[PDB]
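Taking it in order: structure first as structure tokens, then the write-up.
We place every Cβ from the backbone using ideal geometry, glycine too, and count neighbours over all the protein chains shown. Nothing in this text is a laboratory measurement; each read-out follows from the coordinates by a stated rule.
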Amino acid sequence: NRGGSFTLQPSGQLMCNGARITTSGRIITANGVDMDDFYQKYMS
Amino acid sequence: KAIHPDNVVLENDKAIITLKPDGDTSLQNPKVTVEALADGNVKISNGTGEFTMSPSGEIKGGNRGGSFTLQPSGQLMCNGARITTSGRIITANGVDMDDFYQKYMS
């Protein structure tokens, strides 16, 4: 995209400008926050 | 048989390969089309959908009910949800993951 990248790595880890979506669907944002981890702190 | 005044057309019963002097090349058939135009345009297309790249570096997927769009500025997009160059996952509802995380843990 020359300013972006719809990259898919051989291991199946979707990537876009650093943000990753693991094979298990964990949305690891570029800032390191995992959605499930942030959810767990909530609802405590 | 008729002859095209200016075109090198290699043709079969229903499969056609056309190269024009002005760079453009095209593969055609009654349900698919793969054209590469002079101006950096790629428009791989099909009846069920299409995929294209603009000269401006855009990459899009015509899911016809979805879009794997990548804008020239590197901002990944999918049905409105954006992933900025810095990896900020801005969901279509406007919520930023880091912003929501910050309110938590307070």
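Points worth noting:
- GNM top mover of B:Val32, B:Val42, B:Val95 - chain B, alpha-carbon springs below 10 Å: B:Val95
- Helix-derived mean residue ellipticity, 222 nm - over chain B, DSSP H n ≥ 4, -39500 (n - 2.57), to 500: -1500 deg cm²/dmol
- Residue-count net charge about A:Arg20 - beta-carbon cut-off 12 Å; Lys, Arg +1, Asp, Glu -1: 0
- A simple rule links phi to the HN-Hα coupling: the Karplus curve 6.51 cos²θ - 1.76 cosθ + 1.60 with θ = phi - 60°, which for the range A:6-13 gives 8, 6, 10, 7, x, 6, x, 7 Hz, with x for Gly and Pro.
- Under 21 Å from B:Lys103, Cα to Cα: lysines that are on another chain or at least 8 residues apart: A:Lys41
- Rg/Rg_ref, the protein assembly as shown, where Rg_ref = 2.2 N^0.38 Å and atoms are Cα: 1.46
- Within the protein assembly as shown: Cβ-based charge dipole about Cα centre, in debye rounded to nearest 20 (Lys, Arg +1; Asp, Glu -1): 260
- Dipole of the protein assembly as shown, positive direction: furthest Cα of B:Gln71, A:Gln9, B:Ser106, with charges on the beta-carbon: B:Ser106
- Among residues other than B:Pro72 with Cβ under 12 Å from its Cβ, the summed charge is +1 (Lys and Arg +1, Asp and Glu -1).
- Listed by chain and number, the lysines whose C-alpha is less than 22 Å from the C-alpha of B:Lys31, apart from same-chain residues fewer than 8 away, are B:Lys14, B:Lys20, B:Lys43, B:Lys60.
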